[PDB]
Each structure stands twice: as C-alpha cells, then as structure tokens.
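Structure first, then comments.
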Protein chains: 2
Amino acid sequence: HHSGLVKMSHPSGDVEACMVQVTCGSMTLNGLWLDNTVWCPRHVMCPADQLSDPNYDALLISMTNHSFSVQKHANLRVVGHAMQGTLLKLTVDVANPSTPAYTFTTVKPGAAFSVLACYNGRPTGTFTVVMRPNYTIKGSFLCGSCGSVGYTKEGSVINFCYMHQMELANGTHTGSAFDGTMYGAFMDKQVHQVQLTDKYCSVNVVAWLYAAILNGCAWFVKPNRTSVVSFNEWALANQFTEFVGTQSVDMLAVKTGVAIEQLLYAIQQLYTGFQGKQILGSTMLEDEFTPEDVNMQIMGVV
Amino acid sequence: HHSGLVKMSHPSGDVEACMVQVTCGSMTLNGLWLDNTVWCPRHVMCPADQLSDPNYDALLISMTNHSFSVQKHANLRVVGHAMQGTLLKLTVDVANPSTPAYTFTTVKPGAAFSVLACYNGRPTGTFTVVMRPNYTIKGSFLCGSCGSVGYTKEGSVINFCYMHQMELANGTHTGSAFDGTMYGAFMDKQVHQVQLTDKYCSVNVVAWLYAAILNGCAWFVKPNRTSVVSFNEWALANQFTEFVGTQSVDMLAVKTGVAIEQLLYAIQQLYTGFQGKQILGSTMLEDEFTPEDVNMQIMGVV
Ligand SMILES: *[C@@H](O)[C@H](C[C@@H]1CCNC1=O)NC(=O)[C@H](CC(C)C)NC(=O)OCC(C)(C)Sc1ccc(F)cc1
Ligand SMILES: *[C@@H](O)[C@H](C[C@@H]1CCNC1=O)NC(=O)[C@H](CC(C)C)NC(=O)OCC(C)(C)Sc1ccc(F)cc1
C-alpha cells in the first residue's frame, strides 16, 4: 500500500522569472531579481586563487557599479552595489515586471522548503529539502549552482529563505538567509569547517508515524505513552531533536485518534529496532516529511 | 555521506501557463491548453451517479460545444469537441500565447517524468515519479487532481506523457498518454480493477549501485560477474525486470570502472539480504533513480 506522500515542491514559475545570471569577472553564478534589487552570493567577486580565505571587505571596495554583469535568459545595468553578510545587494535601473508578492524569512530545523536549482541564470530543476538540525540540507548541487534560491509559499506570497553557498565534506549543502547570515556556524570560505551533529527530527517522525495510521499501518501503536518532557530527556542522549508540538500535529492526533505521547513511546522502541517489520515500506524512521506535508498530501488540509 | 541525489523535478513554469479549469456540469477538473486545443480526462462529462460504468460514447453525443466551460486563473469558449481514447479534444477560439515547443510521447517502465499537480486549474505542487512495471505511479493525488499532466523535458521541448485519471486500491495512481490510451490494462471506470505485479527495475537499481561507487560506497562490488542473459533468467523468478543496457548505463560503467555484469551479480546477492550493511543510508535496493538521474545530478552529464 503506497502512502500517498511524495517529495512535493512548490510550483516554481514565479521564482523562475526572478532568476538572473551574475558575472563578476572570471566567475559566474545565479542571482535573485526582485524589484530593482539583485541578490547573489558575495563570493562571485572572489578570484579563483583567493577562494580559501577571501577578504570580502577589500574585494567589495575594489568593485565598481559597471563591473557587475547581470543577464537574464535581457542585460541589466547595475546602478548600486552593497554587501550584507554573505550576500550582495546589487541595485539595477530596471525593476522586475514579474516580481511576485514576497517576504524574507528564516527557515528552522525540521521545516521544509522548495529549491530552484539554476546554472548560468537558467533554472534546471526543483526539489524540496528539510533543514537539518546541523543547519545543512541534503540537496543536489554542482559547480555554478550558487545563487539557487530556497523558498516557501504561503498563499500567493513567496517567502525566500535560502541561497545556496557551499557543499560540505559529507556531501550535504548549506547556504544563507536573505539577511546575510549563513545557516549554522558555517562561513563562506573554501576550507574544511566543523559540522555539527545531525539528529532525527522528532516532530517530523511523529508526522510520518501519523501518516502510517492514515494508511492503515498501526502495528506500532500501543496504549503505552511517553510524556513530552520524558521523551525530550530521552532525545538528548539518543541524537533526537526535542519534540515541540504544533497545531498541525494536533490535527493528525485528533483525526487518527492516537495521542502524540503514544507515538513518542513508539519512537523510543522503534529506535531500538523495527524487529523485522516495516512502516510505509521502510525499516527506518523518516524525518523528511513535515506535519504540514502529511496534512496537505493525505487529507488536503493546508 | 550524502549521495547528492534528490527527487529532481523539471521546472514547471512552461507547463503552468498551459493549465486551465474544465467544467462539464457538476464536476470540474484540470485541462492542458496547447494552441487551440484543450485536453482533459473524458470522465468530466460523467454524472456522479454514473461513475462506475459510464457510457462515454452516449455522453459525448449528449454534449454541446457551449456546454464545456474552460477557465484559466480568462474564460475560454469551446468551438469544437472530440474524443480520443480516455481523453477529450476540446477546440477553443483562442490559442495559448504561452504555448511551448512540445511533443507527445509514451513513457516506459523504469523511466522518470515530472508531474504538475493541479486543482481547479491552479497548479499546487510538482514532483517526479518513475513509471512502475505494472504501469502505475506512486504519486500524491487527491479528489479533483485529474487533468494534472506528467511530462519530460528534452532541451526546450516538453514531451507530455501522462494525464492523471484514477487512484488504485493500493494507493498508487495511473493515467493515460495523450493518444487516449491509459497505461497498462486499466480502464477509466470507478470499479476495482486487477492490478499487475510490481517489479524492481534492474536498470534503475544498477544506476543506484553505480551512484554508490561515485560516492565512495563500493563494499558490495566483487570481481564476480553475472551475464545479462543469466541475470534476466534469474530476474524472471524474483520479481525483477529484465535488464536492458543503455548508453547512459555505459557512461557510469566507464567512469566508475565497474562492469555492469559485476553489479548484476551484486544485485542477486544484495536481494538475499544486505547482511546488516547499508548503501546510501538504505538497507534496500532503490529503483527510483534512473541512469540519467545519476548522470545529471552527480557528474553533470545530460
Ligand atoms: C557555488 O558556486 C558552489 C556550490 C558547490 C560546488 C560543488 N557543489 C556545490 O554545492 N560553491 C562553491 O564553489 C564554494 C565557494 C566557497 C567560497 C564557499 N566552495 C565550496 O564550498 O566548495 C565545496 C567544498 C567541498 C570544496 S568545501 C571544502 C570541504 C572540505 C575541505 F577540506 C575543503 C573545502
Ligand atoms: C480525478 O478526478 C480523480 C483522482 C483520484 C481521486 C482520489 N485520488 C485520486 O488520485 N479520479 C477519480 O475520481 C476516478 C474517476 C473514475 C471515473 C476513473 N475515480 C477513481 O479511480 O477513484 C479512486 C478509487 C480508489 C475509488 S477506484 C476504486 C478502487 C477499488 C474499488 F473497489 C472501487 C473503486
């Protein structure tokens, strides 16, 4: 029995019209064109021989309005350049006519957002990722994918929350929010950086367990319950994130009739082993589906 | 170590502009607007009390050009209606100005295509699925999602290959190609239909095994080899599809330096059990990634 859950990505047509190509000399990447402002990663100015320890402040001063090349596949003239954190704020004389209603937001561990992967300013693919507790993502990025934007949708408003900056040694990826701050303790330099531990998202696993009940799989459900305070103490020593209930989780509980504390008890025993049984065709707990994802994809609740 | 493979979907901006809402009385669904032709599932005309065994030929004759309502969220007037297979060919007086270069094609088991899920003519999400050997897909569809289109991209040309029609008892989904034929032996009627067995795609599993070698995971590789003819005979009695090599598979073999026949031997022994080890963080063989997907996402080869 298929669960009915897939890695669902927001329609990217609105974001596609905001993609531009930014060239600052020997390197090119992607930029986000909203109104008269073009956002792009700040390491575009860096020469290839100085990628390990850039001095970005000196590089920015060395730049000139005419030395930024913005092209849409239409060529954009730069009338103002500024730096905020690990991002460049380039001003252009032409405002994007296809600018959607948008906000800037910071995504949190356990939350999912859609990513529009681009190369040379041309979108190539889209996918959805969940921001891991170590503030990395398990994406698919290659050379030239920097400037690809991660976003969430709330109605007709697009909340941009991610811009790809680097790939880690373990194959994961990390970027920066649109306030200039990279997620986690990572810095946009071509050096090895200490990566925090990754943890199972308790909120997402409970949502995944609830989706099993919504598909007829409830062999793991027992009337025994574990309190949120007891589960959180257990989670601290088992690489599990502390569980924080939300209204979305409550709807799954009220629909299925299974208490969250019942599932938290199940998570503790399912962690020790599935004992040869399967849930949703899987032998391991899944934290890649948010409670919202189960809410919309299964019951059509947004 | 993350593999670097995600469920990547084609950018859906081109297809989004081709989505319309088709209403034929008490039921509404989604339609594909290309040139002066609107395609939609044929059960839109059916009344809710006759969904189990429609007589579509009689229903079509009972219809009138004015009785089809096409709306884009712009209202389209219907000047011609015709039926081909399980699809309706509605002609409209206005050609879609955003019509992309497109072709109609039939997708095969083991191949992957992108799906734009829509409701009331408004796209809601996108995802990629692999057509299973039983000619079903493991999608995420709900009531009103019929008319959502599956497509592949070859350059700037979009090859439409799927239109959602129904959900099966096991939670999977099936649709029809744009020649009117449903995939597999399924018929667009609200009755239980016999579903063929599902099988592991040998081509996709070999691609998944190759991706492990490209990420440093090669514990399963042994110099022992199994010929394609011997593996195919083995596959016939183990719910595995017969393996057919392609140029895409050859590139992975030539890059990794591992023969395909070496992997086919590995598949036979990995089927009997992973013996407590993991590949790409999984304890089961994955056939949801095509050789092309590994080619583009890992090595940037399209
Ligand atoms: C976008 O331009 C690009 C995206 C990556 C290319 C390969 N895969 C990607 O996702 N980012 C960079 O080129 C980036 C630029 C720096 C100024 C931040 N370099 C980078 O992070 O390269 C990835 C490395 C694995 C090389 S970082 C690393 C890790 C260990 C180590 F020992 C040295 C460097
Ligand atoms: C699009 O209008 C819609 C898509 C499905 C709605 C629920 N999930 C979907 O993906 N398709 C239908 O409404 C479709 C129309 C028929 C004329 C083909 N009905 C349909 O296939 O419903 C799904 C069922 C599970 C009800 S089929 C079935 C299976 C076993 C059984 F015993 C009876 C009916």
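Read the figures in this text as sums done on the coordinates, not as results from a lab. Please note: Cβ atoms are built from the backbone with ideal geometry, for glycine as well, and neighbour counts cover all protein chains shown.
Structure summary
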read-out	value
Residues of the stretch A:204-226 satisfying the condition of being under 30 Å from A:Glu167 (Cβ atoms) and in contact with a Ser or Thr (Cβ under 7 Å, 6 or more places away or on another chain)	A:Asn204, A:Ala207
Per-region count, the stretch B:64-100, residues among the small types (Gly, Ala, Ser) and within 20 Å of the chain's Cα centre (by Cα)	1
Spans of strands (runs of 3 or more DSSP E) in the stretch A:1-112 with at least 1 residues away from chain B (no Cβ under 14 Å), among the basic types (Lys, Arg) and farther than 19 Å from A:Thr181 by Cβ	none
Filter result for the condition that a residue is of a type outside the set (D, E, K, R) and buried (at least 18 other Cβ atoms within 10 Å of the Cβ), over B:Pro11, B:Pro47	B:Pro11
Any strands (runs of 3 or more DSSP E) falling wholly within the stretch B:114-222 and containing at least 3 residues that are within 14 Å of another protein chain (Cβ to nearest Cβ)	B:122-130, B:149-154, B:157-167
Counted residues, the stretch B:185-199 - those being surrounded by fewer than 21 Cβ atoms within 10 Å (Cβ to Cβ) and among the aromatic types (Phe, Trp, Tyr)	0
Residues being over 24 Å from A:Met19 (Cβ atoms) and of a type in the set (A, V, I, L, M) - total across the stretch A:60-86	1
Residue tally, condition under 20 Å from A:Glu16 (Cβ atoms) and either away from ligand 2 (no atom under 16 Å from the Cβ) or of a type in the set (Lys, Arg) (or both), over the stretch B:9-54	12
Conditions (1) away from chain A (no Cβ under 14 Å); (2) under 19 Å from B:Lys108 (Cβ atoms); (3) surrounded by 21 or more Cβ atoms within 10 Å (Cβ to Cβ); number of the one not met by B:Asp293	(1)
Complete set of residues in the stretch A:148-185 that are among the β-branched types (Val, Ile, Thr) and within 10 Å of ligand 1 (Cβ to nearest atom)	A:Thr172, A:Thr174
Residue within the stretch A:136-147 that is farther than 20 Å from B:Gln297 by Cα and either of a type in the set (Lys, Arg) or more than 14 Å from ligand 1 (Cβ to nearest atom) (or both) present	no
Residues satisfying the stated conditions in the stretch B:142-163, i.e. surrounded by 23 or more Cβ atoms within 10 Å (Cβ to Cβ) and near ligand 2 (Cβ under 6 Å from one of its atoms)	B:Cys146
Test result for B:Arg132, away from ligand 1 (no atom under 16 Å from the Cβ), closer than 18 Å to B:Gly184 by Cα and not small (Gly, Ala, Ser)	yes
Single residue of A:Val194, A:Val229 found to be within 30 Å of A:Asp57 (Cα to Cα) and more than 18 Å from the chain's Cα centre (by Cα)	A:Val194
Residues (within 18 Å of B:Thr174 (Cβ to Cβ) and exposed (fewer than 12 other Cβ atoms within 10 Å of the Cβ)) located in the stretch B:80-109	B:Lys108
